[PDB]
Every structure is written in C-alpha cells, then in structure tokens.
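Next up, upload.txt (compact mmCIF, N, CA and C atoms):
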```txt
# COMPACT_ATOMS: atom_id res chain seq x y z
N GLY C 1 -34.40 68.38 47.40
CA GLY C 1 -34.87 68.66 46.02
C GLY C 1 -35.56 67.50 45.31
N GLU C 2 -34.76 66.55 44.83
CA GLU C 2 -35.27 65.39 44.10
C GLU C 2 -34.93 64.07 44.79
N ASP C 3 -35.59 63.00 44.36
CA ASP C 3 -35.39 61.67 44.91
C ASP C 3 -34.99 60.69 43.81
N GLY C 4 -34.18 59.70 44.16
CA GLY C 4 -33.74 58.72 43.18
C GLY C 4 -32.54 57.90 43.63
N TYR C 5 -31.91 57.20 42.70
CA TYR C 5 -30.74 56.39 43.02
C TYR C 5 -29.47 57.17 42.72
N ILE C 6 -28.76 57.57 43.77
CA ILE C 6 -27.53 58.33 43.59
C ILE C 6 -26.61 57.59 42.64
N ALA C 7 -26.04 58.32 41.69
CA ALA C 7 -25.12 57.72 40.74
C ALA C 7 -23.88 58.59 40.75
N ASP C 8 -22.89 58.19 39.96
CA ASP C 8 -21.65 58.95 39.85
C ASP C 8 -21.76 59.68 38.51
N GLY C 9 -20.84 60.60 38.24
CA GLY C 9 -20.89 61.33 36.99
C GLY C 9 -20.95 60.47 35.73
N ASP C 10 -20.79 59.16 35.85
CA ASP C 10 -20.84 58.29 34.68
C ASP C 10 -22.03 57.29 34.62
N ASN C 11 -23.19 57.69 35.19
CA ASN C 11 -24.45 56.92 35.21
C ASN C 11 -24.32 55.54 35.86
N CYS C 12 -23.71 55.46 37.04
CA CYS C 12 -23.58 54.18 37.72
C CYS C 12 -24.06 54.30 39.17
N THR C 13 -24.95 53.39 39.56
CA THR C 13 -25.50 53.35 40.92
C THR C 13 -24.42 52.82 41.88
N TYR C 14 -24.75 52.79 43.18
CA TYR C 14 -23.86 52.27 44.22
C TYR C 14 -24.47 51.02 44.85
N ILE C 15 -23.68 49.95 44.92
CA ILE C 15 -24.09 48.66 45.49
C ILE C 15 -24.20 48.74 47.01
N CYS C 16 -25.07 47.91 47.58
CA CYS C 16 -25.24 47.92 49.02
C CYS C 16 -25.93 46.67 49.49
N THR C 17 -25.86 46.44 50.80
CA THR C 17 -26.52 45.31 51.41
C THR C 17 -27.30 45.84 52.61
N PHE C 18 -26.70 46.83 53.29
CA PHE C 18 -27.27 47.43 54.49
C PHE C 18 -27.78 48.87 54.31
N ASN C 19 -28.88 49.18 54.98
CA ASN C 19 -29.49 50.51 54.92
C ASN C 19 -28.63 51.62 55.52
N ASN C 20 -27.77 51.28 56.48
CA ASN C 20 -26.92 52.25 57.16
C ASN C 20 -25.93 52.90 56.21
N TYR C 21 -25.29 52.07 55.39
CA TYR C 21 -24.31 52.54 54.41
C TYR C 21 -24.95 53.55 53.49
N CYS C 22 -26.08 53.19 52.90
CA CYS C 22 -26.76 54.11 52.00
C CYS C 22 -27.17 55.38 52.75
N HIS C 23 -27.68 55.23 53.96
CA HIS C 23 -28.09 56.37 54.74
C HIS C 23 -26.95 57.38 54.89
N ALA C 24 -25.77 56.90 55.24
CA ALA C 24 -24.63 57.80 55.43
C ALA C 24 -24.21 58.40 54.09
N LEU C 25 -24.13 57.55 53.08
CA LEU C 25 -23.76 58.00 51.76
C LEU C 25 -24.69 59.12 51.32
N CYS C 26 -26.00 58.88 51.44
CA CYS C 26 -27.00 59.86 51.06
C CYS C 26 -26.89 61.15 51.88
N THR C 27 -26.78 61.01 53.20
CA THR C 27 -26.64 62.19 54.06
C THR C 27 -25.32 62.91 53.78
N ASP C 28 -24.27 62.14 53.51
CA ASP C 28 -22.97 62.72 53.20
C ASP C 28 -23.09 63.70 52.05
N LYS C 29 -23.99 63.38 51.13
CA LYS C 29 -24.23 64.18 49.95
C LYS C 29 -25.41 65.15 50.08
N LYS C 30 -25.70 65.59 51.31
CA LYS C 30 -26.76 66.56 51.58
C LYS C 30 -28.20 66.06 51.42
N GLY C 31 -28.39 64.75 51.38
CA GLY C 31 -29.74 64.20 51.27
C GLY C 31 -30.40 64.15 52.64
N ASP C 32 -31.67 63.78 52.69
CA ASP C 32 -32.36 63.70 53.97
C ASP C 32 -32.09 62.37 54.65
N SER C 33 -32.18 61.30 53.87
CA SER C 33 -31.94 59.95 54.36
C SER C 33 -31.73 59.03 53.16
N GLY C 34 -31.46 57.76 53.43
CA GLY C 34 -31.25 56.81 52.36
C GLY C 34 -31.40 55.38 52.82
N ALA C 35 -31.73 54.49 51.89
CA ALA C 35 -31.90 53.08 52.20
C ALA C 35 -31.44 52.25 51.01
N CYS C 36 -31.06 51.02 51.29
CA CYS C 36 -30.60 50.09 50.28
C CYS C 36 -31.84 49.40 49.72
N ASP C 37 -32.00 49.45 48.40
CA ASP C 37 -33.12 48.80 47.72
C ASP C 37 -32.57 47.54 47.06
N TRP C 38 -32.99 46.38 47.54
CA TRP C 38 -32.50 45.12 47.00
C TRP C 38 -33.03 44.75 45.62
N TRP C 39 -34.22 45.22 45.24
CA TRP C 39 -34.78 44.86 43.94
C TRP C 39 -35.07 46.06 43.04
N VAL C 40 -34.06 46.41 42.24
CA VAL C 40 -34.07 47.54 41.30
C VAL C 40 -33.53 47.02 39.96
N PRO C 41 -33.80 47.72 38.86
CA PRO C 41 -33.29 47.28 37.56
C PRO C 41 -31.77 47.24 37.42
N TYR C 42 -31.06 47.74 38.42
CA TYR C 42 -29.59 47.76 38.40
C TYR C 42 -28.98 46.82 39.44
N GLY C 43 -29.83 46.15 40.21
CA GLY C 43 -29.35 45.27 41.26
C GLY C 43 -29.73 45.86 42.61
N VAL C 44 -28.90 45.67 43.64
CA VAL C 44 -29.15 46.20 44.99
C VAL C 44 -28.33 47.45 45.24
N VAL C 45 -28.97 48.59 44.97
CA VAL C 45 -28.36 49.91 45.08
C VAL C 45 -29.01 50.91 46.04
N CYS C 46 -28.26 51.98 46.31
CA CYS C 46 -28.70 53.01 47.22
C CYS C 46 -29.72 53.97 46.65
N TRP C 47 -30.75 54.25 47.44
CA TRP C 47 -31.82 55.17 47.05
C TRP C 47 -31.80 56.34 48.04
N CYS C 48 -31.78 57.58 47.54
CA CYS C 48 -31.76 58.74 48.43
C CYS C 48 -33.05 59.58 48.40
N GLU C 49 -33.35 60.25 49.52
CA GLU C 49 -34.53 61.11 49.61
C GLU C 49 -34.13 62.58 49.71
N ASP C 50 -34.75 63.44 48.91
CA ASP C 50 -34.44 64.86 48.94
C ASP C 50 -32.97 65.18 48.61
N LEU C 51 -32.46 64.56 47.55
CA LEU C 51 -31.09 64.78 47.12
C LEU C 51 -31.01 66.02 46.24
N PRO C 52 -29.97 66.86 46.45
CA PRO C 52 -29.77 68.10 45.70
C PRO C 52 -29.39 67.89 44.23
N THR C 53 -29.67 68.91 43.41
CA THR C 53 -29.37 68.85 41.98
C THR C 53 -27.88 68.74 41.68
N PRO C 54 -27.01 69.10 42.64
CA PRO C 54 -25.58 68.97 42.33
C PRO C 54 -25.24 67.50 42.16
N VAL C 55 -25.97 66.65 42.87
CA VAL C 55 -25.76 65.21 42.85
C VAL C 55 -26.63 64.50 41.83
N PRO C 56 -26.01 63.67 40.96
CA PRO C 56 -26.69 62.90 39.92
C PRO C 56 -27.35 61.66 40.49
N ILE C 57 -28.38 61.22 39.79
CA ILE C 57 -29.15 60.03 40.13
C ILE C 57 -29.17 59.25 38.82
N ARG C 58 -29.48 57.97 38.87
CA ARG C 58 -29.50 57.17 37.65
C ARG C 58 -30.57 57.63 36.66
N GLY C 59 -30.21 57.60 35.38
CA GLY C 59 -31.13 57.95 34.32
C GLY C 59 -31.03 56.87 33.26
N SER C 60 -31.79 57.03 32.17
CA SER C 60 -31.80 56.07 31.07
C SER C 60 -30.46 55.87 30.39
N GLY C 61 -30.10 54.61 30.14
CA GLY C 61 -28.85 54.36 29.45
C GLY C 61 -27.80 53.49 30.10
N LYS C 62 -26.56 53.66 29.66
CA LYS C 62 -25.45 52.87 30.14
C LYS C 62 -24.61 53.48 31.26
N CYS C 63 -23.94 52.60 31.99
CA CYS C 63 -23.05 52.99 33.07
C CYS C 63 -21.67 52.69 32.51
N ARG C 64 -20.86 53.73 32.32
CA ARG C 64 -19.51 53.55 31.78
C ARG C 64 -18.40 54.16 32.64
```
Would you write out, as structure tokens, the structure that this file holds?
Amino acid sequence: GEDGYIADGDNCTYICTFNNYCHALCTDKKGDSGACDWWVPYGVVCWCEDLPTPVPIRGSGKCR
C-alpha cells in the first residue's frame, strides 16, 4: 500500500544499524522489504516498502 518509516501507535520510529533487522521487521508486518536509513530527521531508523494501512508510519509531531 504505502511507504514510510514504520512507527508504533505512539508516533515513534524504530532504531537500527543493519538492513537485515529492518527487512525482517518490515516483512513481519506484511511489507515487501525494508532497510535501515542512517540519515533521517529521527536518527537511524527503519524504512519499509509497500506497508499496509493497518501499520502506522511516522508523521508530523512528537513521539510519546
């Protein structure tokens, strides 16, 4: 469906160092694939491709 940085129900991304971790995390959540992006406005977090609407991605605002 959509692409972006997988977040949790409280607007928080997931930290990473390796692409494998993000890949599994993303696939675990029905995505196509995933990779760790080292330079993002939130730090080094997971980015997913073709992630379903049931799963949230980061949006504008705070992580609480």
**Report entry** Within 7 Å of residue C:19 using all atoms listed in the file, minus same-chain residues under 4 positions, as a ChimeraX atom specification
**Finding:** /C:23-24,34-36
Convert the current residue selection to file output with N, CA and C atoms, as a PDB file, in the frame of the given file.
```pdb
ATOM      1  N   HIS C  23     -27.680  55.230  53.960  1.00  0.00           N
ATOM      2  CA  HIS C  23     -28.090  56.370  54.740  1.00  0.00           C
ATOM      3  C   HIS C  23     -26.950  57.380  54.890  1.00  0.00           C
ATOM      4  N   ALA C  24     -25.770  56.900  55.240  1.00  0.00           N
ATOM      5  CA  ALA C  24     -24.630  57.800  55.430  1.00  0.00           C
ATOM      6  C   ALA C  24     -24.210  58.400  54.090  1.00  0.00           C
ATOM      7  N   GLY C  34     -31.460  57.760  53.430  1.00  0.00           N
ATOM      8  CA  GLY C  34     -31.250  56.810  52.360  1.00  0.00           C
ATOM      9  C   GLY C  34     -31.400  55.380  52.820  1.00  0.00           C
ATOM     10  N   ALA C  35     -31.730  54.490  51.890  1.00  0.00           N
ATOM     11  CA  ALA C  35     -31.900  53.080  52.200  1.00  0.00           C
ATOM     12  C   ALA C  35     -31.440  52.250  51.010  1.00  0.00           C
ATOM     13  N   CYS C  36     -31.060  51.020  51.290  1.00  0.00           N
ATOM     14  CA  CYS C  36     -30.600  50.090  50.280  1.00  0.00           C
ATOM     15  C   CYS C  36     -31.840  49.400  49.720  1.00  0.00           C
TER      16      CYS C  36
END
```
Query - DSSP helix (DSSP H, G or I) residues within chain C, as a PyMOL selection string - result: chain C and resi 19-28
Selected residues written out, N, CA and C atoms, as a tab-separated table (two decimals), keeping the file's coordinate frame:
```tsv
chain	number	residue	atom	x	y	z
C	19	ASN	N	-28.88	49.18	54.98
C	19	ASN	CA	-29.49	50.51	54.92
C	19	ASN	C	-28.63	51.62	55.52
C	20	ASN	N	-27.77	51.28	56.48
C	20	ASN	CA	-26.92	52.25	57.16
C	20	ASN	C	-25.93	52.90	56.21
C	21	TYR	N	-25.29	52.07	55.39
C	21	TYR	CA	-24.31	52.54	54.41
C	21	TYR	C	-24.95	53.55	53.49
C	22	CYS	N	-26.08	53.19	52.90
C	22	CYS	CA	-26.76	54.11	52.00
C	22	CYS	C	-27.17	55.38	52.75
C	23	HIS	N	-27.68	55.23	53.96
C	23	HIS	CA	-28.09	56.37	54.74
C	23	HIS	C	-26.95	57.38	54.89
C	24	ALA	N	-25.77	56.90	55.24
C	24	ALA	CA	-24.63	57.80	55.43
C	24	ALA	C	-24.21	58.40	54.09
C	25	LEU	N	-24.13	57.55	53.08
C	25	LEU	CA	-23.76	58.00	51.76
C	25	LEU	C	-24.69	59.12	51.32
C	26	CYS	N	-26.00	58.88	51.44
C	26	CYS	CA	-27.00	59.86	51.06
C	26	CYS	C	-26.89	61.15	51.88
C	27	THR	N	-26.78	61.01	53.20
C	27	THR	CA	-26.64	62.19	54.06
C	27	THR	C	-25.32	62.91	53.78
C	28	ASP	N	-24.27	62.14	53.51
C	28	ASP	CA	-22.97	62.72	53.20
C	28	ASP	C	-23.09	63.70	52.05
```
Query raised in the report: Nearest to residue C:15: which of C:29, C:58, C:49, C:42 is it, counting all atoms listed in the file?
Result: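 Using all atoms listed in the file, the shortest distance to residue C:15 belongs to C:42.
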Query raised in the report: What separation in Å, quoted to one decimal, exists between atom CA of residue C:16 and atom N of residue C:60?
Result: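 Straight-line distance from atom CA of residue C:16 to atom N of residue C:60 works out to 20.2 Å.
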**Report entry** Two-atom distance - atom N of residue C:48, atom CA of residue C:61 (Å)
**Finding:**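 Atom N of residue C:48 sits 18.6 Å away from atom CA of residue C:61.
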Query raised in the report: Which of chain C counts as strand (DSSP E) under DSSP, as JSON, numbers by chain please?
Result: {"C": [2, 3, 4, 33, 34, 35, 36, 37, 38, 39, 40, 43, 44, 45, 46, 47, 48, 49, 50, 51]}
Write out the residues from the selection above, keeping N, CA and C atoms, as a PDB file, in the coordinates of the input.
```
ATOM      1  N   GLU C   2     -34.760  66.550  44.830  1.00  0.00           N
ATOM      2  CA  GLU C   2     -35.270  65.390  44.100  1.00  0.00           C
ATOM      3  C   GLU C   2     -34.930  64.070  44.790  1.00  0.00           C
ATOM      4  N   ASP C   3     -35.590  63.000  44.360  1.00  0.00           N
ATOM      5  CA  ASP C   3     -35.390  61.670  44.910  1.00  0.00           C
ATOM      6  C   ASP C   3     -34.990  60.690  43.810  1.00  0.00           C
ATOM      7  N   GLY C   4     -34.180  59.700  44.160  1.00  0.00           N
ATOM      8  CA  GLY C   4     -33.740  58.720  43.180  1.00  0.00           C
ATOM      9  C   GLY C   4     -32.540  57.900  43.630  1.00  0.00           C
ATOM     10  N   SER C  33     -32.180  61.300  53.870  1.00  0.00           N
ATOM     11  CA  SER C  33     -31.940  59.950  54.360  1.00  0.00           C
ATOM     12  C   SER C  33     -31.730  59.030  53.160  1.00  0.00           C
ATOM     13  N   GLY C  34     -31.460  57.760  53.430  1.00  0.00           N
ATOM     14  CA  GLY C  34     -31.250  56.810  52.360  1.00  0.00           C
ATOM     15  C   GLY C  34     -31.400  55.380  52.820  1.00  0.00           C
ATOM     16  N   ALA C  35     -31.730  54.490  51.890  1.00  0.00           N
ATOM     17  CA  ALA C  35     -31.900  53.080  52.200  1.00  0.00           C
ATOM     18  C   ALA C  35     -31.440  52.250  51.010  1.00  0.00           C
ATOM     19  N   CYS C  36     -31.060  51.020  51.290  1.00  0.00           N
ATOM     20  CA  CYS C  36     -30.600  50.090  50.280  1.00  0.00           C
ATOM     21  C   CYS C  36     -31.840  49.400  49.720  1.00  0.00           C
ATOM     22  N   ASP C  37     -32.000  49.450  48.400  1.00  0.00           N
ATOM     23  CA  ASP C  37     -33.120  48.800  47.720  1.00  0.00           C
ATOM     24  C   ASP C  37     -32.570  47.540  47.060  1.00  0.00           C
ATOM     25  N   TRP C  38     -32.990  46.380  47.540  1.00  0.00           N
ATOM     26  CA  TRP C  38     -32.500  45.120  47.000  1.00  0.00           C
ATOM     27  C   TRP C  38     -33.030  44.750  45.620  1.00  0.00           C
ATOM     28  N   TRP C  39     -34.220  45.220  45.240  1.00  0.00           N
ATOM     29  CA  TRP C  39     -34.780  44.860  43.940  1.00  0.00           C
ATOM     30  C   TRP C  39     -35.070  46.060  43.040  1.00  0.00           C
ATOM     31  N   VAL C  40     -34.060  46.410  42.240  1.00  0.00           N
ATOM     32  CA  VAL C  40     -34.070  47.540  41.300  1.00  0.00           C
ATOM     33  C   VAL C  40     -33.530  47.020  39.960  1.00  0.00           C
ATOM     34  N   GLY C  43     -29.830  46.150  40.210  1.00  0.00           N
ATOM     35  CA  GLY C  43     -29.350  45.270  41.260  1.00  0.00           C
ATOM     36  C   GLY C  43     -29.730  45.860  42.610  1.00  0.00           C
ATOM     37  N   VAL C  44     -28.900  45.670  43.640  1.00  0.00           N
ATOM     38  CA  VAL C  44     -29.150  46.200  44.990  1.00  0.00           C
ATOM     39  C   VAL C  44     -28.330  47.450  45.240  1.00  0.00           C
ATOM     40  N   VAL C  45     -28.970  48.590  44.970  1.00  0.00           N
ATOM     41  CA  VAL C  45     -28.360  49.910  45.080  1.00  0.00           C
ATOM     42  C   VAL C  45     -29.010  50.910  46.040  1.00  0.00           C
ATOM     43  N   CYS C  46     -28.260  51.980  46.310  1.00  0.00           N
ATOM     44  CA  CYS C  46     -28.700  53.010  47.220  1.00  0.00           C
ATOM     45  C   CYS C  46     -29.720  53.970  46.650  1.00  0.00           C
ATOM     46  N   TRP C  47     -30.750  54.250  47.440  1.00  0.00           N
ATOM     47  CA  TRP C  47     -31.820  55.170  47.050  1.00  0.00           C
ATOM     48  C   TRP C  47     -31.800  56.340  48.040  1.00  0.00           C
ATOM     49  N   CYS C  48     -31.780  57.580  47.540  1.00  0.00           N
ATOM     50  CA  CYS C  48     -31.760  58.740  48.430  1.00  0.00           C
ATOM     51  C   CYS C  48     -33.050  59.580  48.400  1.00  0.00           C
ATOM     52  N   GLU C  49     -33.350  60.250  49.520  1.00  0.00           N
ATOM     53  CA  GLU C  49     -34.530  61.110  49.610  1.00  0.00           C
ATOM     54  C   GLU C  49     -34.130  62.580  49.710  1.00  0.00           C
ATOM     55  N   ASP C  50     -34.750  63.440  48.910  1.00  0.00           N
ATOM     56  CA  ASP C  50     -34.440  64.860  48.940  1.00  0.00           C
ATOM     57  C   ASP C  50     -32.970  65.180  48.610  1.00  0.00           C
ATOM     58  N   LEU C  51     -32.460  64.560  47.550  1.00  0.00           N
ATOM     59  CA  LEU C  51     -31.090  64.780  47.120  1.00  0.00           C
ATOM     60  C   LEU C  51     -31.010  66.020  46.240  1.00  0.00           C
TER      61      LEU C  51
END
```
Query raised in the report: Smallest atom-to-atom distance to residue C:7: which of C:55, C:37, C:22, C:27, using all atoms listed in the file?
Result: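 Among the listed residues, C:55 lies closest to residue C:7.
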Query raised in the report: Taking into account only C-alpha atoms, which residue in the set C:30, C:13, C:3, C:43 is nearest to residue C:62?
Result: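 Checking each of C:30, C:13, C:3, C:43 against residue C:62, counting only C-alpha atoms, the winner is C:13.
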Query raised in the report: If you count all atoms listed in the file, which residues fall within 6.5 Å of residue C:14, apart from same-chain ones fewer than 3 positions away, as a list in words?
Result: residues 5, 6, 7, 44, 45 and 46 of chain C
Query - atom C of residue C:56 to atom N of residue C:4, straight-line distance in Å - result: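 Computing the Euclidean distance for atom N of residue C:4 and atom C of residue C:56 yields 8.0 Å.
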Adding 5 Å on each side of the box along x, y and z that holds all listed atoms of stretch 30-44 of chain C, could you give its centre and edge lengths in Å to one decimal, as lines of an AutoDock Vina configuration file?
```
center_x = -30.4
center_y = 55.7
center_z = 46.0
size_x = 19.4
size_y = 31.8
size_z = 27.2
```
Query - Top pick for closest residue to residue C:41, considering C:17, C:28, C:59, C:1 and counting only C-alpha atoms - result: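 For residue C:41, the nearest of the given residues is C:59.
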